[PDB]
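The chain that follows stands alone, in the form deposited in one PDB entry, written as structure tokens.
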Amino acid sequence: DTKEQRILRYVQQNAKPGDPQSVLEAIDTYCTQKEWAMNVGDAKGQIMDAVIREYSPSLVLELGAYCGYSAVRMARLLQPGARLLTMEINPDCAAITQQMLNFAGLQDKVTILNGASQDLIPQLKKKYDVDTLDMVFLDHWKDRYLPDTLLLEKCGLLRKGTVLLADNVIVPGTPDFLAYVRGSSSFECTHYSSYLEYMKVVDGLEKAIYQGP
């Protein structure tokens, strides 16, 4: 049993099928109370929701699926006909994400790509009938944000107005990506300050009273 399997099982057991909000809430309860996990969480999630609603993207690319928390969060706000493509290098994570999406009833809107982003990005247009992306959500390995952004550009996947939205730019941090975008006339940047997910960290004091030998 892995932590990610335990999250999925908790959702199947407690959340309402076909109800994306319920799924998100079940994931957030489990990770808040039982086991920390690197889902974006509800605080940053609300910012994502606001951005998605602003831009109403027809084609979104997610880098890093993990347990599918963000895929559920985004796909539930997509308009009819819109699509989310999500890249995930770990087959166990890809499997969990697909079951999460299935449970939430969002499977028709989302396509899971199994592989490393650096290998998949160049295949997007031909294999998945993509012209340019409306939005990209970055939340995979932090050292991949910058090289993948450069690859997206190279592959002709960015248009004027494509919205990149990156998690964890403060903690754990993405310093090369953040410096790059903030310094580049090719990007207009805005920072949305929030909180790292699930940080009510339990610790305690042990009192041990010596009784003699």
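Position 1 is the first residue in the sequence shown; the rest follow in order. Here, rigid core means the biggest group of C-alpha atoms that superpose within 1.5 Å across both forms. Residues that one form lacks are left out of the comparison.
The PDB entry reports B-factors from which the mean C-alpha value can be compared for 138-146 and 91-99; the larger average falls on 91-99. For the pair 25-33 and 162-170, the record assigns the higher mean C-alpha temperature factor to 25-33. For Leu205, the recorded CA temperature factor ranks within the lowest third of the chain's modelled residues. The entry lists a Cα temperature factor for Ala71 that places it in the lowest third of the chain's modelled residues. Among the modelled residues of its chain, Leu77 has a C-alpha B-factor that falls in the middle third, as given in the PDB entry.
Looking at the C-alpha B-factors along this chain, the one for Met199 belongs to the highest third. When the modelled residues of the chain are ordered by their C-alpha B factor, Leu85 lands in the lowest third.
This next part talks about the form deposited in another entry, which is not shown.
Relative to the superposed rigid core, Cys189 undergoes a CA displacement smaller than 2 Å between this form and the one not shown. Once you line up the core between this form and the one not shown, the Cα of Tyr198 ends up 2 Å or more from where it was. The pair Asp148 and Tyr198 separates in that other deposited form: their C-alpha atoms are at least 3 Å more distant from each other than in the form depicted.
Distance between the C-alpha atoms of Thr174 and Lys200: shorter in that other deposited form than here (change of 3 Å or more). Listed in sequence order, the runs of at least 3 residues with C-alpha movement of 2 Å or more between this form and the one not shown, after fitting the core, amount to a single one: 195-213.
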